[PDB]
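The sequence shown runs 383 to 506, 506A, 507 to 540 under the authors' numbering.
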Amino acid sequence: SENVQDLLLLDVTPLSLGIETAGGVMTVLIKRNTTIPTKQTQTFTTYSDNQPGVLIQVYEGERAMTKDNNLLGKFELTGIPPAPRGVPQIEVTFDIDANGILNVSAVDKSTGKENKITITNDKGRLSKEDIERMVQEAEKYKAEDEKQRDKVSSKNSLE
């Protein structure tokens, strides 16, 4: 501020990037001003007894959910391990590249089975205004909402 040295020596993306799920709500395993590239692993479960199939939708942003932050990507992952209700499960894995490019991989991990989307950050360009207004009340006050909308449909399920 008064001292002429206001600079951050880190390759960071401005927002905490997560996923819009079962009824359109978030889970953020990332963080605001995150030192990308980064591989995080959030284990979600399923709703029906023996083998659902998850429709994942990526939203960069959002206060305890269905506000309206930055939608990009989305994919359907299917081929689930059959166990009896709330126990069949999937790892929504987030492998981000250095220019804020999200390789989103849903893994049926006991089954060792993944499908992935590489999201290029071209449509939106939120920058200073959407990150200062949305993440100070969202990602900060969202894992502080207390895994906001993480306790969702059936335990941790995006169905």
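Heads up, the beta-carbon is just placed ideally off N, CA and C, and yes, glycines get one too.
Asked                                                                                                                                                                            : Found
So is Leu484 buried or exposed if we call it buried at 16+ other beta carbons inside 10 Å?                                                                                       : buried
In or out: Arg506A buried (at least 16 other Cβ within 10 Å) or exposed?                                                                                                         : exposed
Spatial neighbours of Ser487 within its chain, please: C-beta separation below 7 angstroms, excluding the five flanking residues on both sides.                                  : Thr475, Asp477, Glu496 and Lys498
Label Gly405 either buried or exposed according to how many other C-beta atoms from any shown protein chain fall within 10 Å of its C-beta, with 16 as the threshold for buried. : exposed
What is the rounded straight-line gap between the Cα of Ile501 and the Cα of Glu518?                                                                                             : 25 angstroms
Residues bridged to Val489 by DSSP?                                                                                                                                              : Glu473 and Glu496
Can we say the region 418-437 touches the region 445-460, given the rule of at least three CB pairs closer than 8 angstroms?                                                     : yes
Starting from residue 551, follow the alpha helix (DSSP H) in both directions and report where the run begins and ends.                                                          : The question about residue 551 has no answer here: the residues shown for the chain are numbered 383 through 540.
Provide the residue(s) that pair with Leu453 in DSSP beta bridges, ordered along the chain.                                                                                      : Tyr441
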